[PDB]
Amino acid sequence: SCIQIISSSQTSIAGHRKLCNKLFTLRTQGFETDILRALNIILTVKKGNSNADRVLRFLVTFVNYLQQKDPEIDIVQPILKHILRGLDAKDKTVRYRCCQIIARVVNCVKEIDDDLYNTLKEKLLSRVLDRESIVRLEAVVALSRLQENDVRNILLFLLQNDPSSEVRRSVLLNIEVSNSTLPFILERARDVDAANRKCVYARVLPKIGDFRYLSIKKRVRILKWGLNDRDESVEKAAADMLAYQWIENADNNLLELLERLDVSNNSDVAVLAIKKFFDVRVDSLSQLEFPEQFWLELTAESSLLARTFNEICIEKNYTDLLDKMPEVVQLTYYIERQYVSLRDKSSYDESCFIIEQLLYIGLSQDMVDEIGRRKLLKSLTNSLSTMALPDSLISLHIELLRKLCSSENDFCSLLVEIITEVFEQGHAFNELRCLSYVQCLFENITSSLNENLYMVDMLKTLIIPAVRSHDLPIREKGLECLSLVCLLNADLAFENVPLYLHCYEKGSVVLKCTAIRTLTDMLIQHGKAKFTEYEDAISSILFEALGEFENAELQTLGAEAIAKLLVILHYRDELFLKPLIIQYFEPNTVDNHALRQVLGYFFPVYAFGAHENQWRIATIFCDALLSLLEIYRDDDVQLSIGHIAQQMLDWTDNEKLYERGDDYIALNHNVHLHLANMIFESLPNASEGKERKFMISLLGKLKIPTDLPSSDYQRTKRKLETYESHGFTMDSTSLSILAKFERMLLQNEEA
């Protein structure tokens, strides 16, 4: 009857309206009782049942249908009183169904009796800490119906620390949105689960009416994460929020939106946002117009838009769209108008940004227009000779100059003439500007052919005098200039290695960083064999740098230098691979996130690039891991080591090679079976206890293929036996791992 109506809603949802009417004929009765009887049978069904949700969907549907009309019958209060008793239960599903039901039923109306309010709150607050994840999920949904502090603070706590992604998402989807709760939902934009990240852009942020409510630094941090996200869906959700919601708050005026991003201080994010907006809204790209008026009233946002539009069309090859960008003749004119604005300080910072954008547009052009090429060259030749551009624009000016010159020789000739004229004027600020021109000169040439005389000149006239100057800024700038000249001549590089070694030991941190970059670049540029006389001295400073956890910048630099020397040159990999792994996992360096970022990228690239790189890691694996054990004993010690070891094991797994001619892969020895041999030979030097126990634990995690030659399995068993002959005392699990490993070897020989 009344219960069988419910049992009939089991199959489908279409008839729910029909059954609501018939059941609405039996209101005046064992009404209440029969429903609770139906729910008592919903507590027995385990999760995963399409029905239980259908039945429960039918009930929430009928309740609402009942409040409209004949609200005389208050059935939400009895049903909640009956089911709250089960919040404390041992069948996790009785708890999960109870929370499931309460969450949906309470949502059917707001007016509740206070005693029903308090009791439900007290019991639910304990539930959201349930041992099962499914209970927590439905509990926060139920609890979130009694929001408004203590209520709220608990949701922030699970959202932030709950180990289950589905739970976090449920909290993320029902928590209140306010400046107090805002910082934590934005953190989820970097959640490990893609769906949780996508939820922040797709559902949670739209709840905020306007993006202006956020601080400018919040707006930028959002787009930086969203538009660069690794997952195609999260990245799409962030681009849609930017291209359909945020553009709306800015009156559908892209410029007005750009003005709310402080583009001059957030250039990289602002460019990406523009590009992503037009990936979503390609129709708008063809609607931008750049009349003469546009270029005479340029702004920071207006100029960035043109530079990005030009950047897109070139990449996308939208040739007809590029016809809207000006010719170099007009561009040279637009730049020169902007120079005038540099005289007035109130418009100085913006004009530097505008000029920057125009130079980028100019660097993009392939100007067959000799006429306009000559004009822009004159303008640049003049601006560098007479004006006092900031260090920021100097580089782009000299870079664009190189692009216009017919060859490196004409570029050196011209730029030396400019440097000499600027040098005559001053005869501090003047000399530093000259050296900045010298620095950009040697940054834009690649070989020393045909420019010996220009070099010997810059050396005698500026660089050496600067290197010997007692004024600290000039000396530092002179050394950077000297370094770039060493990258053009190997013999000069070799002649100055002693100087840059003297810079590291007796110099400041700034000078140590100059030495690391210089010596590293001389090796990469000129080759490894040229400097073998200084091999130990250079490696020394690379070691010392990597161990200075006091200087995050210097430490990160040594780590980076080693990384590129290994990948590019294979520069004593064996010697550095172990100190690198130790420092990378060392606790004293954990706070240095810059270092963990470069090595976070290097190890996968190095390990997974070649079979020989995985072999080198297994060769020092044990010694690196043992060194970390000693370091770690001095919060949880055993748990972190396990994650470290599994990382090193993944690096050495042959299956994880990226892979890309090798006819003789035949007798390549398996790195993991080679690592087993390493472990057997190192167990004696381990200290009995967790250490020797832990090293044996790794034998069970190894990935040994079953198609290797028999002599390989035979060789490792010999290693196994040699270790067994020591007669060390081992616990049960150790002996079980060794026995299971020894039998695996036999089985793979047999096959």
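Residue indices: 1-based, along the sequence shown.
Gap between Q29 and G30: 1 to 3 deposited residues without coordinates.
Coordinates are absent for 1 to 3 residues of the deposited sequence placed between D634 and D635. The PDB entry reports B-factors from which the mean C-alpha value can be compared for 386-394 and 274-282; the larger average falls on 386-394. Higher mean CA temperature factor, per the PDB entry, when comparing 456-464 with 244-252: 244-252. Per the PDB entry, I175 shows the highest C-alpha temperature factor of the residues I175, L580, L519, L305. Note on the listed residues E72, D262, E548, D191: the highest Cα temperature factor in the record is that of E72. Per-chain ranking of the deposited C-alpha B factor places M730 in the middle third. Ranked within its chain, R660 lands in the highest third, by CA B factor from the PDB record. Among all modelled residues in its chain, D130 ranks in the highest third by Cα B-factor. Per the PDB record, residue ranking by Cα B-factor puts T44 in the highest third of the chain. Annotation for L66: C-alpha temperature factor in the highest third relative to the rest of the modelled chain, per the entry.
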